[PDB]
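The chain that follows stands alone, in the form deposited in one PDB entry, written as structure tokens.
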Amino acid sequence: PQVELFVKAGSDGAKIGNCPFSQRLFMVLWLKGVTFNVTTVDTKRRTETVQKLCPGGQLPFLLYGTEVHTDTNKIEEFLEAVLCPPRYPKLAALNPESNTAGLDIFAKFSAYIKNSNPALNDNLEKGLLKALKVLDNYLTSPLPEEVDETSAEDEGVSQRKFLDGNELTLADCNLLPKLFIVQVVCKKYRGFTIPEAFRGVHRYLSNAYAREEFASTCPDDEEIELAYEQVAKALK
């Protein structure tokens, strides 16, 4: 059955532009191993097909067979439920807390980057750093599967590659595109990088950057910087 993912186009109206929902879904369909097409949508010059398919204008959206699905959380849940085993791997996290760890990082970033109040900058920076810390703690805390892990290097320190264990799950598909925006935008416009001190966060990222499902679905750095330029330059 035809699977077509419609995603935000970038600055030339045709390549993949900034959108962490679009990347999340691209990652979910890559991980499922299904055959799909991805179509970019220049929201300033929508085609008549797109206009007819998705009158509301939500983006990203999914065309499945003849059915149109909107809202990323809904599209992911639908895909998880319809692209299911034996044919397709389940990608849902086993540990519910894998789906919440790091949930506030993107909101704290957005507040920090859109801020133009010089007196709030350090406060918002610290709010971003604390959210990254919560994530780091989740990543260095052994998961259930690792209880009293006989093979641990350090006592009570986790070794797994990703949020929920050693395989990418739907929780990584949500979080990783958001962290990529954070890293790209914060480096270009605030001179901010995630502290090397967050060792769980940097291990997670090195492992993710080594996977093509993540690396090959990232928009070009340039598109994210372009999308964030106006707001991130507000701070004087």
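We number the residues from 1 along the sequence you see.
FYI, the form deposited with a small molecule bound isn't displayed, but the following is about it.
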item	value
Stretch in contact in the deposited bound form with the small molecule, which is absent here, among 65-73, 48-56, 33-41, 163-171 (heavy atoms within 4.5 Å)	65-73
Partner contact for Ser22 in the deposited bound form: the small molecule, 4.5 angstroms, heavy atom	yes
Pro60: touches the small molecule in the deposited bound form, heavy atom cutoff 4.5 angstroms	yes
